[PDB]
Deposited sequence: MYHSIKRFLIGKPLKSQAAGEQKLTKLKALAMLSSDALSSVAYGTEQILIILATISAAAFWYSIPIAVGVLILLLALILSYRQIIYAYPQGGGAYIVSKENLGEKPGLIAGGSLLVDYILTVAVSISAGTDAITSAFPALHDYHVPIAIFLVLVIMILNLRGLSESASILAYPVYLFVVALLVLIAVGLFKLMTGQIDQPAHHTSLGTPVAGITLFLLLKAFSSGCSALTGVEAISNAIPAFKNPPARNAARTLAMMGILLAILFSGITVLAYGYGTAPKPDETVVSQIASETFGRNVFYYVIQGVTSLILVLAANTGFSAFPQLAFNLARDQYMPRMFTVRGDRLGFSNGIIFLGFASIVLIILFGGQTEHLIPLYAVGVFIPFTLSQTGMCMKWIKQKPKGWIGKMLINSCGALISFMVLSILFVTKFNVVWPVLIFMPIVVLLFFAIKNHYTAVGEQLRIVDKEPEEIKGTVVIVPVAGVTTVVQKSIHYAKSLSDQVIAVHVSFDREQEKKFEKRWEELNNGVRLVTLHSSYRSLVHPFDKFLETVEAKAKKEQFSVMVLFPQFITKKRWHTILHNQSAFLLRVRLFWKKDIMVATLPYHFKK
């Protein structure tokens, strides 16, 4: 259960070092708006990205040591920056998860269509299909499938880089007009979408070896080095071959095809890239609940997320995350180019907030060597904020959804916090002992003389006396037959048959319950209803059974403050 360095790197790096499939492509797409001759500018810009990457790693190398409990960006932003910055970081992490699912799936389908161009008319269905698949694979459960594909991806891309560099060596500057500083910055910001998951390792510190902090930091350093090597090699290869971004083929696919030649090696590369992107999406799915629990300990998210041991909130979280990702995929049509700016925003707001909190914490404490750590975090935060500002300013026509999504989730967090605050305020205070109860009348609603009915009557009689059976009859003809059949049973239970012409079920019970509750209140008795819970071993018969019980519970019995037992009954 204590992952070693290699296995931990495999399980947690599938999000970060899987972004090399669409980073250099973004850089080249932005540069191509001027001319194909500007592609050499990818070489410096890429270097700048690595510089940023270095800062991030160093910054997070601090965070892991400062917060060995885990937490990550949310905790750092909460403790050191207050409550609103922490909530903003949480919302941005939610956007990060939704967008990493969407972007990873879209890029995977782009890789697949590059492998088989005949599916270019099904970019969106395939994508959505894949999403649903992993949703199921997360509802069903779910460890080897998350560890080998990353090794395969790293090995395959290292082989591809080596072969491409060898071919370039065997042969198998220049300023260009139009490139202004602003467009260079735009390209750099778009290319910073290669640093889209270095967060993950800092969020899973406990699942490490005996020293958790040291092992996590060394794993993060190794992952950073691997990502830097892969990204630099891919960018160098792309510059070497030219490889302008085609509208129906990824840059990696073009590089592989011009290197190996659409043979088994190329298909291996494409399949492995698709697999690693799917694993990245699954990483987003699996990383959401950790954030949910971290928020829920502070009463910002439902208490149902605080039970982490039983995966209480995993179903709702997985369903909501999958549906949000599907909605985003449909909205942008699976265009990885049009989705990446939003993903970068959702990733870089937490980066900025986390580095700012780190810097202010260092300022507050001022330990030995505080100046260097402060400088590193400050530089990282400045660069990240610049990238975020550029992404807002330029690609607003695809970043508009975050400007709507952030206020909604922040307000939801505040509303939940206020609600739990009020509830905890007025519930903790204890009070006087309630009115005495001298007995209990049990009402058993019956839909027909069955085995389940007789079992429930038996338990009701065991529980207390005064048991009365109640039957709402939709037709006056079957009243006599049902009453006779009940009399055939030798139960000493008074049966009250009451009629409803309009096939309604609540209102006749409303009247009867009024009468019975008044009568019981005269004798200080507590009315109580005993429903059977028919259970079958199919998990899809739930809609087929005992729904009238839920109707009566929800619409009548909760409003009347009446105990409602639910005796289960299994089916063979």
Gaps vs the deposited sequence (1-based, no CA atoms) are 1-21, 164-166, 197-206, 607
